[PDB]
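As given, the protein sequences belong to chains E, F, G, C, W, B and X, one line each in that order.
Using the numbering used here, read the first sequence as starting at 295 and increasing by one per residue.
Using the numbering used here, read the second sequence as starting at 295 and increasing by one per residue.
Using the numbering used here, read the third sequence as starting at 295 and increasing by one per residue.
Using the numbering used here, read the fourth sequence as starting at 295 and increasing by one per residue.
Using the numbering used here, read the fifth sequence as starting at 295 and increasing by one per residue.
Using the numbering used here, read the sixth sequence as starting at 295 and increasing by one per residue.
Using the numbering used here, read the seventh sequence as starting at 557 and increasing by one per residue.
Below is one structure, written out as structure tokens, with a few remarks after it.
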Amino acid sequence: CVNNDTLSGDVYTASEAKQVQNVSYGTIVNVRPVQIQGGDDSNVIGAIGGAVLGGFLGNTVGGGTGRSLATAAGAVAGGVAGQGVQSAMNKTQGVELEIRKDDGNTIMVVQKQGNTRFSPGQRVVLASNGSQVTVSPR
Amino acid sequence: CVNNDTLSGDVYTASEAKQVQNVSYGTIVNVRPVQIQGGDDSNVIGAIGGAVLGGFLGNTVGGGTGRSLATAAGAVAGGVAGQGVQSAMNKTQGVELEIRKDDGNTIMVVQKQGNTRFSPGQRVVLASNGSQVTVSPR
Amino acid sequence: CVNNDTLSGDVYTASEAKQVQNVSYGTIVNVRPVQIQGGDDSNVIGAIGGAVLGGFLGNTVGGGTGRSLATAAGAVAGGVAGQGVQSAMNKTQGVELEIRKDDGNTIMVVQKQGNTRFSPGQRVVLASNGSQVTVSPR
Amino acid sequence: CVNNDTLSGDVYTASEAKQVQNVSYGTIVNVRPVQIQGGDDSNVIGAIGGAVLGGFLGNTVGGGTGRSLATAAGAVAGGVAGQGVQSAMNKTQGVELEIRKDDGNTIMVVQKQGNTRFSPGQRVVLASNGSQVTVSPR
Amino acid sequence: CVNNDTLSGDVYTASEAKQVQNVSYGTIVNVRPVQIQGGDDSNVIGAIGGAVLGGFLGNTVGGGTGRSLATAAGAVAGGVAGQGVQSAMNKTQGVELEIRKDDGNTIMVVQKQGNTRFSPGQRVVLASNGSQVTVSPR
Amino acid sequence: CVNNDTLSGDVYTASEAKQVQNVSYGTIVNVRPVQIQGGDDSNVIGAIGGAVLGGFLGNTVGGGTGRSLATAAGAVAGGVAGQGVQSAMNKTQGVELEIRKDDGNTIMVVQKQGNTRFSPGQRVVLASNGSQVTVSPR
Amino acid sequence: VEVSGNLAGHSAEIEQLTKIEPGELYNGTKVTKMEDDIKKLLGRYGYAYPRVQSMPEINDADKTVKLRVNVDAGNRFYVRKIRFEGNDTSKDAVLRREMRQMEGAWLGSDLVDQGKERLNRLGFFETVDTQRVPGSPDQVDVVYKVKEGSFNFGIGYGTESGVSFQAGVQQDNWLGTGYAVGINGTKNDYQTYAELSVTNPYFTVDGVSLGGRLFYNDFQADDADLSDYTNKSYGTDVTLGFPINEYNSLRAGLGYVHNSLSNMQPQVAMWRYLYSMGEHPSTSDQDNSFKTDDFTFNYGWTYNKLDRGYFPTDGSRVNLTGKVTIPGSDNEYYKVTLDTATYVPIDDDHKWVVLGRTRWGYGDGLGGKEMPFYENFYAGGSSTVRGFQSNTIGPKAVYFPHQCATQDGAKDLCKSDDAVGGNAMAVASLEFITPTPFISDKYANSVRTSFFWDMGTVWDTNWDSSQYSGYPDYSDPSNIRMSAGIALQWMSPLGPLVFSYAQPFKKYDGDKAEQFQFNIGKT
Ligand SMILES: CC/C=C/CCCCCCC[C@@H](O)CC(=O)N[C@H]1[C@@H](OP(=O)(O)O)O[C@H](CO[C@@H]2O[C@H](CO[C@]3(C(=O)O)C[C@@H](O)[C@@H](O)[C@@H]([C@H](O)CO)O3)[C@@H](OP(=O)(O)O)[C@H](OC(=O)C[C@@H](CCC/C=C/CCCCCC)OC(=O)CCCCCCCCCCCCC)[C@H]2NC(=O)C[C@@H](C/C=C/CCCCCCCC)OC(=O)CCCCCCCCCCC)[C@@H](O)[C@@H]1OC(=O)C[C@H](O)C/C=C/CCCCCCCC
Ligand SMILES: CC/C=C/CCCCCCC[C@@H](O)CC(=O)N[C@H]1[C@@H](OP(=O)(O)O)O[C@H](CO[C@@H]2O[C@H](CO[C@]3(C(=O)O)C[C@@H](O)[C@@H](O)[C@@H]([C@H](O)CO)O3)[C@@H](OP(=O)(O)O)[C@H](OC(=O)C[C@@H](CCC/C=C/CCCCCC)OC(=O)CCCCCCCCCCCCC)[C@H]2NC(=O)C[C@@H](C/C=C/CCCCCCCC)OC(=O)CCCCCCCCCCC)[C@@H](O)[C@@H]1OC(=O)C[C@H](O)C/C=C/CCCCCCCC
Ligand SMILES: CC/C=C\CCCCCCC[C@@H](O)CC(=O)N[C@H]1[C@@H](OP(=O)(O)O)O[C@H](CO[C@@H]2O[C@H](CO[C@]3(C(=O)O)C[C@@H](O)[C@@H](O)[C@@H]([C@H](O)CO)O3)[C@@H](OP(=O)(O)O)[C@H](OC(=O)C[C@@H](CCC/C=C/CCCCCC)OC(=O)CCCCCCCCCCCCC)[C@H]2NC(=O)C[C@@H](C/C=C/CCCCCCCC)OC(=O)CCCCCCCCCCC)[C@@H](O)[C@@H]1OC(=O)C[C@H](O)C/C=C/CCCCCCCC
Ligand SMILES: CCCCCCCCCCCCCCCC(=O)OC[C@H](COP(=O)(O)O)OC(=O)CCCCCCCCCCCCCCC
Ligand SMILES: CCCCCCCCCCCCCCCC(=O)OC[C@H](COP(=O)(O)O)OC(=O)CCCCCCCCCCCCCCC
Ligand SMILES: *C(=O)CCCCCCCCCCCCCCC
Ligand SMILES: *C(=O)CCCCCCCCCCCCCCC
Ligand SMILES: *C(=O)CCCCCCCCCCCCCCC
Ligand SMILES: *C(=O)CCCCCCCCCCCCCCC
Ligand SMILES: *C(=O)CCCCCCCCCCCCCCC
Ligand SMILES: *C(=O)CCCCCCCCCCCCCCC
């Protein structure tokens, strides 16, 4: 269960605490909901944990050669269903925001859905860093 | 399971969140369907997975050396068929779009078919990053 | 079966979706049919899958020492036929197209034949990238 | 035994035979006798040589645990006495000479005691090298 | 045995044969006899040869524990005598020569004694190299 | 048996064949006979080759402990003789030649004795290289 | 080209040592090399500082570059003193050979540039730093400067002996003289090794290396699946070592071992040995203490060619070792062990690797006496021939009816199937290493795997079949034991790792098997 829990504007990673971040302002347009995929492309651990559980379940049926076949089709069926579930525990709700900075521009940034319900037309405060931008509301 | 699921306009990876993306505008022409093939050149995961399962299905016939023959012919036919199916679950529908930026140009980009339906003649908000682009419809 | 399927104008790698592709226009001259190779020159995987199935096909004849001769001659013959048949599962049809851009030049590019059939004198919309070119007909 | 017997003007090492040495002249003042240490400071070989001989002379008193104690006390005592006697085998009598070069200067050099006895006021010839000097009397 | 036989003017090594050596002429004064030491500092190998021989000669006294003391005392005594006899195998009679180069200078050189018996007042032909000098009479 | 058989004016090594070497001329004065040393100072091989042969010779005399002492005295005696005969079998007869180049100089060069008997006053040619010079007659 | 300066005799050879072909465009390498074929040579003219610097007139109109090579020659300066500070162990002798201008010679900075760097490959400096005679303008020096006991603890886990500890103190500089003193201690199921060790790497100035080993190997059998016998052995060995090639070595030395053979489970294979030496205790009861003191001479050899230390896939590695006592101790014997290794990579991209390690042995007692049984060879196990239980291959013993006991009615040679080892050993194994799949192909070139076919054949060279009919002739020359399988080895911050699964396909009755084995820590 890799951690897509630092992708909000209401949570910070401890790498970025006790540091200085520049502040800009902005007005917001066109919020809309967008999921987020996180983690690895392969899901190497969802395989193994799903493999052995599918393996030892095979040993429960049959006997002789027939068990030895079932203790394997259980292995790869468990192997696929593993990656098929790890990649589903990371689908996380989120939003993407068009914002018109008061400088006069437009940029857009996407964040994990949190407690605060944004609106199309509001005031936000961008915390800026080395190309990491959090959009707090107010 | 190769994860070619982040190719939509409704899904973002965990690296392209909380980072600033520039916004440009455009009109749209020449949408046409395309197939997206995603993953490895080799398919060297379902190749073994089909190989083992195709092997144990070999011990279950014949007797003696005639068994030990089949417990290998099943393997490579099981091994080969592994790739043939894994590469059949990485095919994904998608679209090809010829967008005119109001800058005055044209470019094209392809995406995994999502839930919105693009049309020939519409307004789209090209979101840009370090040479990465998505096309939200509105 | 090394995945040489993304060499058409109807299938894209996942590596080049959601990226910016320039558009050029041109007319077309001298379409001619060509074949395309793909994969390795040595074909290591076909070697194993020929060697074992030529070995275990040797054990079915003779006994004593003349068994131990056939069960290696069959292995080497299978090893040859392996590379022999793998590199005949990649010969795929294709086309070679010389096209004259509105710039005033000429280039030719080679693609995997799909379903649509080009013509001698037409209009094709080039998609350009970091030295990747595709041809769509319209 | 470290061989510090070559520090004289009546023997030479093999590294300073068949090389070219410049010759200066001088008068001599303030001769005084000095001792000369030489070689290792760690005295490793005297330690082991005294230690085994103090150990195998421990097996000859008492029996049982009363012998296992002696065969360690004797070992350490012999180990210390080994250094105490080896570093007293490198002590060597020597002389130390102050001389005025006819160039017009004053330098002083220390050297193994030899056969000829120097005098306060004489003539000497300074065999020079890459900063290596020998003072023959004449 | 260290080969201290190349330090003469009647022997050359293999790294000074078939090479170009300059020539100068000189007049000779003041030859005096001198001994020459050479080799290592620790009589490297003769120590082992003395120690083993002095050790095996230890088994030939006494019995039980009282033998095992002698088989060590003999080892230390043989080890000491080994160095004490290897160095006395490296002394050699030699000479120390003053020669006035015709350029107008004076230098000294030391050299293994050979057959020719030099004299104060004679001519010699200084062979030079990259700072290696030999002296021959004629 | 170190091969210093390349140090004549009548033998060349392999590394200096089919290469361009300059030619300088000259006449000759003061030939005299000289011996040549070639090899190492450690003589690590002659020592073992004499050691085992002198050691096995100990196993022929005596019995009990009297044997195990002779089979070490013989070993070190063979050790001494091994170096004493190896490094006295690398001596080679040779010559030391003064030559006056026509360019106007005088140089010295030393070579292994061959067939031709040089003379004091003769024309000899210097096949010169990057600091290796061979003196052939005429 | 152009020459502007005094070359002292290279003025015409510019078009021969430093030439190119006209028309070749402006190059930073094939035009700078024209500078740099005379930038290093000139220290062969005794010239100390060879300066070559060429700044063309870059002409663009019709594109010719007119080079202008300002070469001014150095001068003739010499080698007086070589001086090292702060270091009490490094020598002015070896740190002269690893430089390229000897003492007393024409000297130059640019042709001593072939010397300064290699001095650091000693493995003990942090930096290797690099003079006209002070206030005298003719003679000159070359100088250098240098900037210069840590515990270690090992805890492992395993299949062959499970838990496994290491702990020892290493200090590779004894008070400033280069002596390498190291201590080690290991404990697991069958043996506990607690050793002290010393070495001087330069006995002779030229390379001879003398080491004196004080060891102690408190071993045990039963936990190690063998038959029963207990060994508390102490001994001490000293060996010389002299380099000859840098691809080779060689060694010789004198080795004294002392053993306490006791607590034996009566059985023929060792009771042949007891008679021939002269000890015949009770033949079915286990209160007996056979004591040996063996002096034994030893020797060796080596070879190294691998390019990368870690995860190596190139070169060829060899080993030889033998041994023999003097015939003046307790038991007399000799022993010959040969080793091999070969990593053959088939192409430069380095993803296909070929490896196979051959090992041979042979021992014998000389004057009709017999090799000590605890010195035999053992085959079968994880580290040598995967798939078969550790030690399990080797013609098994024959227990006597002892207290096979007379409570059940034991009145003969109870045939047993327990591994004991043997004296002639030969193991080959051809291994065919393949890529690392299934992880991200960014870093899918690390965690190594291979398919393998391991053989192993130890037999009793003196075992009898005249006297043992119901038993086979346990000295068959082709009782091979092949096996195959898979295993995955790699690095991770918790030490060295591998996991396995090897199917024993061929074997004989009496040969156990062990399909699966692992390694974390040390084996
Ligand atoms: C699909 C939907 C669902 C279905 C899924 C079901 C799957 C699971 C099955 C479940 C039940 C199963 O248990 C049934 C069973 O096994 N039942 C079997 C079971 O009985 P029960 O279960 O108890 O009922 O066991 C019995 C064991 O039989 C024999 O046992 C002997 C030793 O065992 C004994 C003994 O006698 O000593 C028995 C006993 O004494 C005991 O004590 C034991 C003791 O324990 C230790 O030995 O020992 C062996 O002698 P040995 O050790 O010294 O060798 C012998 O080996 C032998 O016999 C040696 C054989 C082996 C060679 C045969 C073919 C090789 C190809 C050659 C040319 C290629 C074409 C170009 O050789 C021969 O038999 C000689 C045959 C000559 C003619 C062959 C034709 C080839 C040329 C045609 C040309 C055509 C041109 C167009 C062996 N034959 C044998 O065990 C059997 C052997 C006989 C040959 C039959 C003809 C097949 C021809 C078709 C192929 C044409 C190709 C174009 O059959 C087989 O080895 C299976 C073959 C595997 C397929 C491999 C081929 C794929 C390769 C791909 C290449 C790209 C069989 O009777 C039963 O089979 C039977 O009841 C037969 C059955 O009723 C029906 C017929 C089946 C044949 C097709 C199978 C293919 C499947 C492929 C899977 C991927
Ligand atoms: C479409 C095709 C697909 C194929 C499969 C599909 C269907 C088949 C399934 C079932 C049928 C099959 O089971 C039949 C069978 O196996 N039948 C056999 C089976 O019985 P079951 O079926 O189980 O009941 O097994 C039994 C085993 O028989 C014999 O057993 C002896 C020990 O057994 C005994 C004992 O006495 O100790 C007693 C026994 O009872 C038992 O107890 C055992 C015990 O277990 C342990 O000892 O021991 C062995 O003596 P040993 O221990 O000292 O070694 C002996 O081998 C021996 O004695 C030693 C043999 C071996 C010599 C081979 C060298 C030839 C060189 C070729 C190059 C040409 C020019 C340079 O030598 C001889 O026997 C002397 C023969 C001389 C002629 C050889 C051919 C050369 C011709 C060209 C010459 C040039 C001039 C032109 C062995 N012969 C043997 O096992 C057989 C031996 C005989 C030679 C065959 C003649 C024609 C072949 C044509 C091929 C090429 C020609 C152009 O043959 C073979 O080993 C296989 C040869 C393989 C050659 C491959 C070449 C490479 C190809 C690469 C292509 C690029 C036989 O009874 C049966 O055969 C017989 O009753 C007699 C019969 O006639 C011969 C058998 C046929 C073999 C040919 C097929 C191979 C083709 C390749 C396969 C990929
Ligand atoms: C929510 C959770 C859901 C479920 C999960 C967990 C549940 C746990 C419950 C526990 C209850 C348990 O006690 C049940 C049990 O098995 N209990 C078993 C236990 O008794 P207990 O009650 O436990 O005390 O032990 C007994 C012993 O079993 C037998 O042992 C023999 C050897 O041992 C013997 C002997 O020498 O005879 C006997 C024994 O007494 C003892 O003496 C031993 C001794 O130890 C020394 O050996 O020796 C074997 O012969 P051998 O080894 O020498 O060769 C023999 O199998 C044999 O010799 C050979 C076998 C094998 C035949 C191969 C066919 C596979 C299908 C391929 C089709 C596609 C082709 C393209 O065949 C047979 O036995 C006869 C088969 C007839 C039909 C064959 C063709 C089918 C074609 C289908 C096509 C469909 C198309 C649509 C073997 N049969 C056997 O063990 C039984 C054999 C029967 C065939 C069933 C149908 C097969 C199709 C499966 C799905 C259909 C797909 C559409 O089956 C099996 O072994 C399981 C095999 C696994 C199959 C995996 C398939 C891969 C694909 C997976 C997809 C993901 C069994 O009777 C009991 O089973 C029985 O009482 C039968 C009972 O009803 C149960 C049957 C299970 C099947 C369902 C699941 C399997 C899928 C695996 C998924 C992970
Ligand atoms: C994703 C690809 C994974 C491929 C691995 C699948 C291997 C299947 C193994 C089947 C073993 C049957 C052998 C004999 C049957 C028998 O009698 O089996 C019986 C015996 C145990 O029963 P006893 O106690 O009676 O001995 O052995 C076993 O059961 C062995 C373990 C079976 C379960 C292991 C689960 C599969 C392997 C672990 C997965 C690792 C992931 C690797 C990913 C790359
Ligand atoms: C520098 C300080 C180093 C100090 C180390 C000293 C170690 C002493 C250990 C005592 C061993 C007792 C063993 C068991 C008793 C027994 O009954 O032992 C019995 C057996 C044999 O005697 P029996 O005939 O009585 O059985 O063994 C011995 O007697 C062993 C020899 C003992 C004497 C060795 C002397 C010390 C080793 C050399 C010094 C090394 C110093 C190196 C420093 C760099
Ligand atoms: C974070 O999520 C870490 C991932 C650890 C692996 C997950 C293991 C899940 C395996 C589930 C297997 C279900 C099999 C059911 C049979 C069809
Ligand atoms: C991600 O999707 C992981 C790869 C999935 C591997 C699935 C393997 C399928 C095997 C099907 C077996 C068919 C064999 C038929 C042979 C006669
Ligand atoms: C992608 O296509 C990988 C394929 C892996 C190899 C499969 C080829 C099958 C080999 C057949 C061998 C013929 C046997 C002949 C026996 C005489
Ligand atoms: C060069 O001199 C090498 C010397 C090697 C050690 C020599 C030491 C002599 C042994 C002294 C023994 C004294 C025993 C004291 C016991 C208390
Ligand atoms: C080159 O000269 C090598 C010489 C090697 C040693 C030669 C001398 C042997 C040692 C003398 C042994 C004397 C024994 C006296 C015992 C008290
Ligand atoms: C080239 O010469 C290689 C070196 C080979 C070593 C030669 C050894 C000569 C053997 C002399 C043995 C003398 C024995 C005397 C014993 C008393």
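We put the CB at the ideal spot given by N, CA and C, even for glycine.
Asked	Found
Would you check if the distance between the CB atom of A366 (chain W) and the CB atom of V338 (chain C) is smaller than 8 Å?	no
I need the DSSP call for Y999 (chain X), collapsed to helix, strand or coil.	helix
Specify the secondary structure class of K589 (chain X) as computed by DSSP and reduced to three states.	helix
Could you name the residues of chain W that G660 (chain X) contacts, counting a contact when the two beta carbons are closer than 8 Å?	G424, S425, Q426
Taking buried to mean at least 16 other C-beta atoms within 10 Å of its own C-beta, is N297 (chain C) buried or exposed?	buried
Less than 8 Å between the CB atoms is what I'm expecting for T992 (chain X) and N1001 (chain X), so what's the real figure, rounded?	6 Å
I need the straight-line Cα distance from residue 541 (chain X) to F867 (chain X), nearest angstrom please.	Shown here, chain X extends from 557 to 1079; a query on residue 541 (chain X) therefore has no answer.
Mapping the DSSP letters down to three states, classify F853 (chain X) as helix, strand or coil.	strand
What is the residue span of the beta strand (DSSP E) that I594 (chain X) lies within?	Premise fails: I594 (chain X) is in no beta strand (DSSP E) and is neither H nor E.
Measuring alpha carbon to alpha carbon, tell me which residue in W:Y306, W:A421, W:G356 is nearest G320 (chain W).	W:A421
Name, please, each residue of chain G whose Cβ falls closer than 9 Å to the Cβ of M383 (chain F).	Within chain G, no residue comes near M383 (chain F); the closest Cβ sits about 13 Å away, beyond 9 Å.
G343 (chain W) versus chain B: which residues are under 9 Å apart at the beta carbon?	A369, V370, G373, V374
Mind listing which residues have their beta carbon within less than 6 Å of any non-hydrogen atom of ligand 5? Chain order is fine.	C:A341, C:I342, C:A345, C:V346, C:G349, C:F350, C:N353, C:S362, C:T365, C:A366, C:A369, C:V370, C:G373
Could you give the first and the last residue of the continuous beta strand (DSSP E) run that contains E390 (chain C)?	386-395
According to DSSP, is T1005 (chain X) part of a helix, a strand, or is it coil?	strand
Starting from the Cα of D870 (chain X), find the closest Cα among X:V910, X:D592, X:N756 and give me that residue.	X:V910
Taking the straight line between their C-alpha atoms, what separation do you get for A980 (chain X) and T877 (chain X)?	15 Å
At which residues does the alpha helix (DSSP H) containing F350 (chain B) begin and terminate?	338-350
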